[PDB]
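Structure, as structure tokens:
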Amino acid sequence: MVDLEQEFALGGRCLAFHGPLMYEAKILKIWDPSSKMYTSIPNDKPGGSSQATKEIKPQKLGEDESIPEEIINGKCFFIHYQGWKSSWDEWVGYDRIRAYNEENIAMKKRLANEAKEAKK
């Protein structure tokens with residue numbers, strides 16, 4: 001019984017396919033296409049009144065959060081690409097996201113060596 005649906009969650013470490021390759025990233029906001037809300041995590045907050053930024057309930061996509069329709073209905077994950085910066089905080093779904101383990105990464109290794117050697 002592989003509980004992979006738990007490794008891609010709140011602050012979960014996962015791999016995501018940026019183009020043709022897998023990268024390490026930290027999930028900051030989970031996306032549920034059933035409500036069209038997403039579940040973020042409160043940590044880097046400027047304080048807040050009380051529950052304002054302490055209890056992240058499923059919040060609907062704001063006006064500057066429009067997620068690509070190709071991934072909006074496929075459970076997305078607003079991650080922050082590890083190794084880059086906040087300027088690379090992108091939405092990755094089960095379409096590009098994987099589980100950060102010794103198997104998917106094992107591919108990533110070969111992948112960053114093979115998808116990088118491909119000459120055509």
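Here the sequence shown is numbered in PDB author numbering, starting from 1 and rising by one per residue.
C-beta atoms are modelled at their ideal positions from N, C-alpha and C, and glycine is treated no differently.
>> Between which residues of its own chain and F17 is the CB-CB distance below 6 Å, once the five residues before and five after are set aside?
In response: Taking the sequence shown and counting its residues from 1, one reaches residue 17 at position 17. Excluding positions up to five away in sequence, the list reads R96.
> Can you find at least 3 beta carbon pairs, one from the stretch 66-74 and one from the stretch 30-42, that sit closer than 8 Å?
Replying inline: The stretch 66-74 vs the stretch 30-42: in contact.
> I56: which of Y38, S66, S49 and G47 sits nearest, CA to CA?
Replying inline: The residue you call residue 56 lines up with position 56 of the sequence shown. Closest option to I56, Cα to Cα, is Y38.
> Residues in its own chain within less than 7 Å of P42 by CB, not counting five upstream and five downstream?
Replying inline: The sequence position of residue 42 within the sequence shown is 42, counting from 1. Within its own chain, the residues whose Cβ lies closer than 7 Å to the Cβ of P42, once the five positions on either side in sequence are excluded, are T53, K54 and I56, listed in chain order.
> Going by the CB atoms, is the gap between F77 and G93 shorter than 8 Å?
Replying inline: Stepping through the sequence shown from its first residue, residue 93 is reached at position 93. Stepping through the sequence shown from its first residue, residue 77 is reached at position 77. In contact: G93 and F77 (Cβ atoms closer than 8 Å).
> If you draw a straight line from the alpha carbon of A25 to that of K120, how long is it in whole angstroms?
Replying inline: Against the sequence shown, residue 25 aligns to sequence position 25. Against the sequence shown, residue 120 aligns to sequence position 120. In a straight line, the C-alpha of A25 is about 29 Å away from that of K120.
>> So, under 8 Å CB-CB, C14 and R98 are touching, yes? Tell me the CB distance rounded to an integer number of Å.
In response: In the sequence shown, the residue the question calls residue 14 occupies position 14. In the sequence shown, the residue the question calls residue 98 occupies position 98. About 6 Å separates the beta carbon of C14 from that of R98, a gap short enough to meet the 8 Å contact definition.
> How is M1 classed by DSSP in three states: helix, strand or coil?
Replying inline: As a first step, residue 1 is located in the sequence shown; it is residue number 1 there, counting from the start. Look at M1 here: in three-state DSSP terms it is coil, with no helix or strand label.
> Can you name the start and end residues of the alpha helix (DSSP H) that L111 belongs to?
Replying inline: As a first step, residue 111 must be located in the sequence shown, where it is residue number 111. According to the DSSP assignment, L111 belongs to the alpha helix (DSSP H) that extends over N104 to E114.
> Which value, in whole angstroms, describes the spacing of the CA atoms of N113 and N101?
Replying inline: Along the sequence shown, one-based indexing puts residue 113 at 113. Along the sequence shown, one-based indexing puts residue 101 at 101. The straight-line gap from Cα to Cα measures roughly 18 Å.
>> So if DSSP puts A16 in a beta bridge, which residue, or which two residues, is it bridged to?
In response: Taking the first residue of the sequence shown as 1, we reach residue 16 at position 16. Answer is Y23 and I97, bridged to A16.
> Which residues share a DSSP beta bridge with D32?
Replying inline: Position 32 of the sequence shown, counted from the first residue, corresponds to residue 32. For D32, which the question treats as bridged, DSSP gives the partners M37.
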